[PDB]
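Colleague: The following file, final.pdb, comprises PDB, C-alpha atoms:
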MODEL        1
ATOM      1  CA  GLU A   1      82.084 129.464 103.296  1.00  0.00           C
ATOM      2  CA  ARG A   2      84.789 131.976 102.089  1.00  0.00           C
ATOM      3  CA  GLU A   3      87.150 130.263 104.639  1.00  0.00           C
ATOM      4  CA  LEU A   4      86.367 126.714 103.439  1.00  0.00           C
ATOM      5  CA  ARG A   5      86.597 127.635  99.699  1.00  0.00           C
ATOM      6  CA  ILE A   6      90.242 128.906  99.969  1.00  0.00           C
ATOM      7  CA  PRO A   7      91.747 125.397  99.417  1.00  0.00           C
ATOM      8  CA  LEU A   8      89.745 124.989  96.134  1.00  0.00           C
ATOM      9  CA  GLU A   9      91.457 128.266  94.986  1.00  0.00           C
ATOM     10  CA  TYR A  10      94.820 126.479  95.707  1.00  0.00           C
ATOM     11  CA  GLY A  11      93.776 123.500  93.488  1.00  0.00           C
ATOM     12  CA  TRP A  12      92.442 121.143  96.204  1.00  0.00           C
ATOM     13  CA  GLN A  13      89.158 119.237  95.696  1.00  0.00           C
ATOM     14  CA  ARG A  14      86.419 118.653  98.318  1.00  0.00           C
ATOM     15  CA  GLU A  15      84.098 115.628  97.801  1.00  0.00           C
ATOM     16  CA  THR A  16      81.002 114.578  99.841  1.00  0.00           C
ATOM     17  CA  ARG A  17      79.674 111.007  99.228  1.00  0.00           C
ATOM     18  CA  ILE A  18      76.052 110.521 100.425  1.00  0.00           C
ATOM     19  CA  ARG A  19      74.550 107.098 101.241  1.00  0.00           C
ATOM     20  CA  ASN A  20      70.904 106.485 102.288  1.00  0.00           C
ATOM     21  CA  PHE A  21      71.143 103.696 104.970  1.00  0.00           C
ATOM     22  CA  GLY A  22      67.420 102.711 104.993  1.00  0.00           C
ATOM     23  CA  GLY A  23      65.801 106.202 104.810  1.00  0.00           C
ATOM     24  CA  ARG A  24      68.674 107.874 106.805  1.00  0.00           C
ATOM     25  CA  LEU A  25      71.152 110.009 104.774  1.00  0.00           C
ATOM     26  CA  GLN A  26      74.843 109.904 105.831  1.00  0.00           C
ATOM     27  CA  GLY A  27      77.743 111.774 104.190  1.00  0.00           C
ATOM     28  CA  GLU A  28      81.509 111.225 104.151  1.00  0.00           C
ATOM     29  CA  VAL A  29      83.871 114.109 103.188  1.00  0.00           C
ATOM     30  CA  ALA A  30      87.331 113.649 101.601  1.00  0.00           C
ATOM     31  CA  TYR A  31      89.806 116.199 100.290  1.00  0.00           C
ATOM     32  CA  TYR A  32      92.224 115.632  97.409  1.00  0.00           C
ATOM     33  CA  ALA A  33      95.453 117.662  97.713  1.00  0.00           C
ATOM     34  CA  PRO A  34      96.625 119.398  94.463  1.00  0.00           C
ATOM     35  CA  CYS A  35      98.903 116.322  93.752  1.00  0.00           C
ATOM     36  CA  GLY A  36      95.812 114.022  93.891  1.00  0.00           C
ATOM     37  CA  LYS A  37      96.548 112.617  97.427  1.00  0.00           C
ATOM     38  CA  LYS A  38      93.221 111.660  99.167  1.00  0.00           C
ATOM     39  CA  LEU A  39      92.893 113.036 102.780  1.00  0.00           C
ATOM     40  CA  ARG A  40      90.066 111.717 104.996  1.00  0.00           C
ATOM     41  CA  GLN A  41      90.512 113.559 108.388  1.00  0.00           C
ATOM     42  CA  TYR A  42      92.117 116.693 110.010  1.00  0.00           C
ATOM     43  CA  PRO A  43      95.267 114.883 111.212  1.00  0.00           C
ATOM     44  CA  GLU A  44      95.842 113.732 107.582  1.00  0.00           C
ATOM     45  CA  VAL A  45      95.423 117.328 106.308  1.00  0.00           C
ATOM     46  CA  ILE A  46      97.790 118.793 109.031  1.00  0.00           C
ATOM     47  CA  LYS A  47     100.488 116.188 108.199  1.00  0.00           C
ATOM     48  CA  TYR A  48     100.139 116.968 104.486  1.00  0.00           C
ATOM     49  CA  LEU A  49     100.472 120.749 105.098  1.00  0.00           C
ATOM     50  CA  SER A  50     103.477 120.127 107.517  1.00  0.00           C
ATOM     51  CA  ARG A  51     105.237 117.591 105.208  1.00  0.00           C
ATOM     52  CA  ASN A  52     104.715 119.939 102.176  1.00  0.00           C
ATOM     53  CA  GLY A  53     105.700 123.322 103.795  1.00  0.00           C
ATOM     54  CA  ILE A  54     102.196 124.818 103.156  1.00  0.00           C
ATOM     55  CA  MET A  55     101.595 127.861 105.419  1.00  0.00           C
ATOM     56  CA  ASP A  56      99.227 130.094 103.339  1.00  0.00           C
ATOM     57  CA  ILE A  57      96.282 127.779 104.410  1.00  0.00           C
ATOM     58  CA  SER A  58      95.761 126.046 107.793  1.00  0.00           C
ATOM     59  CA  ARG A  59      93.427 123.602 109.607  1.00  0.00           C
ATOM     60  CA  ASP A  60      90.899 126.559 109.727  1.00  0.00           C
ATOM     61  CA  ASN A  61      90.446 126.291 105.897  1.00  0.00           C
ATOM     62  CA  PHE A  62      89.170 122.644 106.126  1.00  0.00           C
ATOM     63  CA  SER A  63      86.004 120.874 107.373  1.00  0.00           C
ATOM     64  CA  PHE A  64      84.889 117.223 107.186  1.00  0.00           C
ATOM     65  CA  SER A  65      81.199 118.204 107.836  1.00  0.00           C
ATOM     66  CA  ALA A  66      78.936 116.635 105.163  1.00  0.00           C
ATOM     67  CA  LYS A  67      76.441 119.554 105.809  1.00  0.00           C
ATOM     68  CA  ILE A  68      78.755 122.227 104.196  1.00  0.00           C
ATOM     69  CA  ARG A  69      77.738 123.253 100.618  1.00  0.00           C
ATOM     70  CA  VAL A  70      81.381 123.486  99.411  1.00  0.00           C
ATOM     71  CA  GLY A  71      82.808 121.291  96.611  1.00  0.00           C
ATOM     72  CA  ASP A  72      81.226 118.283  94.845  1.00  0.00           C
ATOM     73  CA  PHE A  73      78.396 115.970  96.114  1.00  0.00           C
ATOM     74  CA  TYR A  74      77.881 112.359  94.921  1.00  0.00           C
ATOM     75  CA  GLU A  75      75.147 109.781  95.528  1.00  0.00           C
ATOM     76  CA  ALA A  76      75.372 106.044  94.595  1.00  0.00           C
ATOM     77  CA  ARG A  77      73.277 104.979  91.536  1.00  0.00           C
ATOM     78  CA  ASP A  78      73.085 101.526  89.884  1.00  0.00           C
ATOM     79  CA  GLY A  79      73.550 100.908  86.161  1.00  0.00           C
ATOM     80  CA  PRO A  80      74.946  98.418  83.605  1.00  0.00           C
ATOM     81  CA  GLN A  81      78.482  98.732  85.204  1.00  0.00           C
ATOM     82  CA  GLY A  82      76.983  98.384  88.717  1.00  0.00           C
ATOM     83  CA  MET A  83      77.029 101.079  91.485  1.00  0.00           C
ATOM     84  CA  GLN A  84      78.738 104.410  90.596  1.00  0.00           C
ATOM     85  CA  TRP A  85      79.175 107.694  92.465  1.00  0.00           C
ATOM     86  CA  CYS A  86      76.939 110.123  90.467  1.00  0.00           C
ATOM     87  CA  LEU A  87      77.457 113.912  90.770  1.00  0.00           C
ATOM     88  CA  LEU A  88      74.511 115.832  92.284  1.00  0.00           C
ATOM     89  CA  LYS A  89      73.638 119.003  90.347  1.00  0.00           C
ATOM     90  CA  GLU A  90      74.302 121.934  92.791  1.00  0.00           C
ATOM     91  CA  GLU A  91      70.502 122.558  92.976  1.00  0.00           C
ATOM     92  CA  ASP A  92      69.849 118.927  94.263  1.00  0.00           C
ATOM     93  CA  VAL A  93      72.445 119.178  97.123  1.00  0.00           C
ATOM     94  CA  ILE A  94      70.265 121.376  99.448  1.00  0.00           C
ATOM     95  CA  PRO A  95      67.629 118.681 100.250  1.00  0.00           C
ATOM     96  CA  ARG A  96      70.495 116.251 101.107  1.00  0.00           C
ATOM     97  CA  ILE A  97      72.100 118.807 103.529  1.00  0.00           C
ATOM     98  CA  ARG A  98      68.650 119.667 105.039  1.00  0.00           C
ATOM     99  CA  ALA A  99      67.922 115.911 105.679  1.00  0.00           C
ATOM    100  CA  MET A 100      71.227 115.641 107.672  1.00  0.00           C
ATOM    101  CA  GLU A 101      70.596 118.822 109.816  1.00  0.00           C
ATOM    102  CA  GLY A 102      68.896 118.572 113.243  1.00  0.00           C
ATOM    103  CA  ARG A 103      69.433 115.005 114.574  1.00  0.00           C
TER     104      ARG A 103
ATOM    105  CA  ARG B   1     103.750 108.329  83.232  1.00  0.00           C
ATOM    106  CA  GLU B   2     104.400 111.527  81.163  1.00  0.00           C
ATOM    107  CA  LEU B   3     100.598 112.270  81.226  1.00  0.00           C
ATOM    108  CA  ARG B   4     100.491 111.902  85.066  1.00  0.00           C
ATOM    109  CA  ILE B   5     103.189 114.598  85.686  1.00  0.00           C
ATOM    110  CA  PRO B   6     100.787 117.609  85.322  1.00  0.00           C
ATOM    111  CA  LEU B   7      98.364 115.940  87.817  1.00  0.00           C
ATOM    112  CA  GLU B   8     101.173 115.998  90.449  1.00  0.00           C
ATOM    113  CA  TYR B   9     101.438 119.836  89.923  1.00  0.00           C
ATOM    114  CA  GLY B  10      97.656 120.191  90.582  1.00  0.00           C
ATOM    115  CA  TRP B  11      96.298 119.949  87.000  1.00  0.00           C
ATOM    116  CA  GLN B  12      93.097 117.801  86.715  1.00  0.00           C
ATOM    117  CA  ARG B  13      92.297 115.643  83.606  1.00  0.00           C
ATOM    118  CA  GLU B  14      88.575 114.828  83.030  1.00  0.00           C
ATOM    119  CA  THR B  15      86.960 112.718  80.246  1.00  0.00           C
ATOM    120  CA  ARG B  16      83.199 113.137  79.700  1.00  0.00           C
ATOM    121  CA  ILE B  17      81.404 110.306  77.830  1.00  0.00           C
ATOM    122  CA  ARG B  18      78.020 111.044  76.162  1.00  0.00           C
ATOM    123  CA  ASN B  19      75.873 108.244  74.637  1.00  0.00           C
ATOM    124  CA  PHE B  20      74.185 109.623  71.451  1.00  0.00           C
ATOM    125  CA  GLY B  21      71.753 106.798  70.375  1.00  0.00           C
ATOM    126  CA  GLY B  22      74.293 104.056  71.308  1.00  0.00           C
ATOM    127  CA  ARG B  23      77.270 105.977  69.758  1.00  0.00           C
ATOM    128  CA  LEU B  24      79.634 107.004  72.644  1.00  0.00           C
ATOM    129  CA  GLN B  25      81.465 110.389  72.270  1.00  0.00           C
ATOM    130  CA  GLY B  26      84.385 111.145  74.656  1.00  0.00           C
ATOM    131  CA  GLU B  27      85.615 114.679  75.372  1.00  0.00           C
ATOM    132  CA  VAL B  28      88.712 115.612  77.483  1.00  0.00           C
ATOM    133  CA  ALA B  29      89.242 118.807  79.502  1.00  0.00           C
ATOM    134  CA  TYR B  30      92.189 119.868  81.670  1.00  0.00           C
ATOM    135  CA  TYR B  31      91.762 122.201  84.674  1.00  0.00           C
ATOM    136  CA  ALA B  32      95.000 124.171  85.222  1.00  0.00           C
ATOM    137  CA  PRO B  33      96.199 124.580  88.866  1.00  0.00           C
ATOM    138  CA  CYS B  34      94.307 128.010  88.837  1.00  0.00           C
ATOM    139  CA  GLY B  35      91.066 126.091  87.868  1.00  0.00           C
ATOM    140  CA  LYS B  36      91.021 127.485  84.281  1.00  0.00           C
ATOM    141  CA  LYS B  37      89.369 124.878  81.962  1.00  0.00           C
ATOM    142  CA  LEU B  38      91.422 124.108  78.817  1.00  0.00           C
ATOM    143  CA  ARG B  39      89.940 122.087  75.915  1.00  0.00           C
ATOM    144  CA  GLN B  40      92.564 122.249  73.097  1.00  0.00           C
ATOM    145  CA  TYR B  41      96.398 121.914  72.705  1.00  0.00           C
ATOM    146  CA  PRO B  42      96.836 125.578  71.515  1.00  0.00           C
ATOM    147  CA  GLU B  43      95.046 126.863  74.712  1.00  0.00           C
ATOM    148  CA  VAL B  44      97.299 124.533  76.807  1.00  0.00           C
ATOM    149  CA  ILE B  45     100.493 125.831  75.002  1.00  0.00           C
ATOM    150  CA  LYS B  46      99.303 129.523  75.322  1.00  0.00           C
ATOM    151  CA  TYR B  47      98.630 128.830  79.072  1.00  0.00           C
ATOM    152  CA  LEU B  48     102.198 127.332  79.538  1.00  0.00           C
ATOM    153  CA  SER B  49     103.749 130.391  77.690  1.00  0.00           C
ATOM    154  CA  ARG B  50     101.537 133.061  79.450  1.00  0.00           C
ATOM    155  CA  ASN B  51     102.097 131.628  83.001  1.00  0.00           C
ATOM    156  CA  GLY B  52     105.793 130.672  82.543  1.00  0.00           C
ATOM    157  CA  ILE B  53     105.194 127.012  83.569  1.00  0.00           C
ATOM    158  CA  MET B  54     107.960 125.144  81.709  1.00  0.00           C
ATOM    159  CA  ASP B  55     108.654 121.828  83.624  1.00  0.00           C
ATOM    160  CA  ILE B  56     105.886 120.306  81.348  1.00  0.00           C
ATOM    161  CA  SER B  57     105.212 120.604  77.575  1.00  0.00           C
ATOM    162  CA  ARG B  58     102.955 119.220  74.777  1.00  0.00           C
ATOM    163  CA  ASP B  59     104.224 115.647  75.496  1.00  0.00           C
ATOM    164  CA  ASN B  60     102.692 115.781  79.062  1.00  0.00           C
ATOM    165  CA  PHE B  61      99.169 116.390  77.626  1.00  0.00           C
ATOM    166  CA  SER B  62      96.615 114.402  75.626  1.00  0.00           C
ATOM    167  CA  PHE B  63      93.075 115.374  74.555  1.00  0.00           C
ATOM    168  CA  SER B  64      92.435 111.763  73.423  1.00  0.00           C
ATOM    169  CA  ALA B  65      89.320 110.286  75.208  1.00  0.00           C
ATOM    170  CA  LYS B  66      90.939 106.762  74.952  1.00  0.00           C
ATOM    171  CA  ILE B  67      93.692 107.413  77.644  1.00  0.00           C
ATOM    172  CA  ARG B  68      93.185 105.894  81.191  1.00  0.00           C
ATOM    173  CA  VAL B  69      94.478 109.015  83.038  1.00  0.00           C
ATOM    174  CA  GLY B  70      92.297 111.233  85.245  1.00  0.00           C
ATOM    175  CA  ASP B  71      88.619 110.822  86.120  1.00  0.00           C
ATOM    176  CA  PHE B  72      85.978 109.563  83.615  1.00  0.00           C
ATOM    177  CA  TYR B  73      82.314 110.660  83.849  1.00  0.00           C
ATOM    178  CA  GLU B  74      79.430 109.263  81.766  1.00  0.00           C
ATOM    179  CA  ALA B  75      76.146 111.239  81.296  1.00  0.00           C
ATOM    180  CA  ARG B  76      73.317 109.025  82.667  1.00  0.00           C
ATOM    181  CA  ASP B  77      69.553 109.829  82.585  1.00  0.00           C
ATOM    182  CA  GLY B  78      67.725 109.176  85.900  1.00  0.00           C
ATOM    183  CA  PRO B  79      65.122 110.318  88.477  1.00  0.00           C
ATOM    184  CA  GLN B  80      66.984 113.720  88.892  1.00  0.00           C
ATOM    185  CA  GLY B  81      67.448 114.011  85.070  1.00  0.00           C
ATOM    186  CA  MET B  82      70.962 114.118  83.473  1.00  0.00           C
ATOM    187  CA  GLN B  83      73.783 113.266  85.915  1.00  0.00           C
ATOM    188  CA  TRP B  84      77.512 112.774  85.431  1.00  0.00           C
ATOM    189  CA  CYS B  85      78.382 109.342  86.889  1.00  0.00           C
ATOM    190  CA  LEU B  86      82.037 108.823  87.961  1.00  0.00           C
ATOM    191  CA  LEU B  87      83.382 105.657  86.247  1.00  0.00           C
ATOM    192  CA  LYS B  88      85.006 103.267  88.723  1.00  0.00           C
ATOM    193  CA  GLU B  89      88.616 102.408  87.755  1.00  0.00           C
ATOM    194  CA  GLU B  90      87.332  98.967  86.449  1.00  0.00           C
ATOM    195  CA  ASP B  91      84.601 100.791  84.353  1.00  0.00           C
ATOM    196  CA  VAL B  92      86.967 102.789  82.096  1.00  0.00           C
ATOM    197  CA  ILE B  93      88.554 100.169  79.733  1.00  0.00           C
ATOM    198  CA  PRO B  94      85.120  98.601  78.955  1.00  0.00           C
ATOM    199  CA  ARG B  95      83.605 102.064  78.046  1.00  0.00           C
ATOM    200  CA  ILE B  96      86.711 102.984  75.915  1.00  0.00           C
ATOM    201  CA  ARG B  97      86.276  99.590  74.113  1.00  0.00           C
ATOM    202  CA  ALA B  98      82.501 100.421  73.709  1.00  0.00           C
ATOM    203  CA  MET B  99      83.531 103.775  72.086  1.00  0.00           C
ATOM    204  CA  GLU B 100      85.542 101.858  69.393  1.00  0.00           C
ATOM    205  CA  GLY B 101      83.090  98.957  68.582  1.00  0.00           C
TER     206      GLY B 101
ENDMDL
END
The structure given in the file should be rewritten as structure tokens.
Modeller:
Amino acid sequence: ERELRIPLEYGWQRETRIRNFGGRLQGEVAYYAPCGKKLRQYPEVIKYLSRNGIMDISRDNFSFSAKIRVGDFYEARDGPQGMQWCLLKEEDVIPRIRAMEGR
Amino acid sequence: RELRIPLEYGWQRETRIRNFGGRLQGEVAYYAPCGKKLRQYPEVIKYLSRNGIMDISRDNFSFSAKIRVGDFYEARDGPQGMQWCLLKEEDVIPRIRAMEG
């Protein structure tokens, strides 16, 4: 976890979006670079680090596993403006992770 | 454009909307590249001075909850209790207009 938190200390964001596809929970991880650029897979992170001369952090500091309790978790909820990503309180994340483990 | 410049240097701008009995209240916070949360212009200016950041100044910052820059969250009651819901891009102008009416 220490490893995967380093980028947050450099002003990156980690986001996990959770969807329940008929009882089955699935997560998708994205990073936002400090400039706001959205990165959706390792190759995208490596290119960003290469292109931007970033050497303090590496591919080792990043994971796209939705089962890692690092950064912010969202679940879709309906409302008067339609579906929104709603932030899970840290204490509601665990059951989501646990549902995605095993399998 | 001026208010986007800090975001490129790894500042975050966040607007929280609370509905108090149908009266919307918006509140803006900045997170400096070090993560420090700043809530007022004097704190932002002290932070710029104390950390010798000088590319940006007062003109690159707004604490007005009516500006479409950065992420908007609205507090929404639900099954899990109070949650911050991320406003979609299309959600923001309507909720700003709601704040004014």
Colleague: Could you spell out the hits of the ChimeraX specification (/A :<9) & /B on the shown file, as a PyMOL selection string?
Modeller: chain B and resi 6-12+32-35+73+76+78+80+82-88+90-91
Colleague: List, as an NGL selection string, every residue that the PyMOL selection byres ((chain B and resi 24) around 9) selects in the file provided.
Modeller: :B and (17-23 or 25-26 or 95-96 or 98-100)
Colleague: Have a look at atom CA of residue A:60 and atom CA of residue A:4 and let me know their distance in Å, one decimal.
Modeller: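 We find that atom CA of residue A:60 and atom CA of residue A:4 lie 7.8 Å from each other.
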Colleague: Once the PyMOL selection byres ((chain B and resi 66) around 9) has been evaluated on this model, what residues remain selected, and can you format them as a PyMOL selection string?
Modeller: chain B and resi 15+26+63-65+67-68+93+96-97+99
Colleague: In Å, rounded to a single decimal, give me how far atom CA of residue A:100 is from atom CA of residue A:20.
Modeller: 10.6 Å
Colleague: If you take every atom of stretch 25-33 of chain B that the file lists and fit an axis-aligned box around them with 6 Å extra on each side, what centre and edge lengths come out in Å to one decimal, as JSON?
Modeller:
{"center_x": 88.8, "center_y": 117.5, "center_z": 80.6, "size_x": 26.7, "size_y": 26.2, "size_z": 28.6}
Colleague: When you look at residue A:58 with a cut-off of 9 Å (counting all atoms listed in the file), what residues show up, excluding the ones that are within fewer than 3 positions of it in the same chain? I need them as a PyMOL selection string.
Modeller: chain A and resi 45-46+49+54-55+61-62
Colleague: Excluding same-chain residues fewer than 3 positions from residue B:60, what lies within 7 Å of it counting all atoms listed in the file, as number ranges by chain?
Modeller: B: 2-3, 5-6, 56-57
